[PDB]
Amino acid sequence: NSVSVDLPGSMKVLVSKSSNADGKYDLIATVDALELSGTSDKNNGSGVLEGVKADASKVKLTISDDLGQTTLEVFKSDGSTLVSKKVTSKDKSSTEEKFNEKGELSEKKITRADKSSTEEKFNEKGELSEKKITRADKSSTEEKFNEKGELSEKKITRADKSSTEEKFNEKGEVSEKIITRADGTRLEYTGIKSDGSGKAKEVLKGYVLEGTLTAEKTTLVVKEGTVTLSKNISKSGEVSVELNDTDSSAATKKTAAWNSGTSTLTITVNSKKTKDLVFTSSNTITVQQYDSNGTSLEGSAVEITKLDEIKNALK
């Protein structure tokens, strides 16, 4: 006895096949598990449907006469103070708004047919506190403002999901910076000074390396016994690795050489190559031992999953 009509905003309205009331067609729709009902002079699915929540909140669905737009409003029990409002066009465009307890705009998101969007949030004072722009390629920019209307944080996300997030101090200097790589690992810079120096932490799969930031380079350090392994990262993300041992015994002292073509550090002790450490394109480390004569690698390389395995390699 009904006919189901598809509407903008993933909604559906059932229209009585038969005219009655009058003269009129009956309309019913379910939105968020609440049934709305109305009547119309048309039988195409257009009209106004209303419902009332258990807490007396009023819900109103307005479907335009040519079905080109739906408007879904939620009000307080007075039927006038807004809680939310979603307008959706036939072309899948939409505007979704939320309101504070006074009925004033607190959030607004505008989405285009290509799924790009802008979202703004407003504070109790009606002032912009956050703004996010998302492009069709899923890259985005996000800004957050403090109570002086000043930029407090900014995050730039690329289409490959890598990103740079900055926080700013009251002087407008970058005080913290997080670089997220396309592989998911991160460089976290904290306590950034006026000269661009600070503390550095690299967050890898299974462990964190710690070190420093300067304007010249990031350097992460692992110490074991008299040996120090230094992982340098240039501004452009190029990794190079060095090793120093303060041991002065020709018998036990470690030395190492870096091959930037292979991203491999080769350790030597007592004129025999002992290990290769490979720093891979996915920001992992593998280790493999040379046979006891020091001229060929044996077994298979092992992918390091905890910090202690790096330290064991440096013994």
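Residue numbers here begin at 1 and follow the sequence given.
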Worksheet item: With respect to the recorded C-alpha B factors, which stretch has the higher mean value, 242 to 250 or 283 to 291?
Response: 242 to 250
Worksheet item: Given the B-factors recorded for C-alpha atoms, which segment has the greater mean, 82 to 90 or 198 to 206?
Response: 82 to 90
Worksheet item: Of the choices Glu224, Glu104, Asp137, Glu165, which one's C-alpha carries the largest B-factor in the record?
Response: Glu104
Worksheet item: Considering only modelled residues of the same chain, in which third does the CA B-factor of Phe145 rank: lowest, middle or highest?
Response: middle
Item to complete: Tell me, lowest, middle or highest third: where does the Cα B factor of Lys53 rank within its chain?
Response: lowest
Fill in: Within-chain third of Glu216 by Cα B-factor, per the entry
highest
Worksheet entry | Ranked against its chain, the third holding the CA B-factor of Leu277 | lowest
Response to the item:
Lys76: CA temperature factor from the record, placed by chain third, in the middle
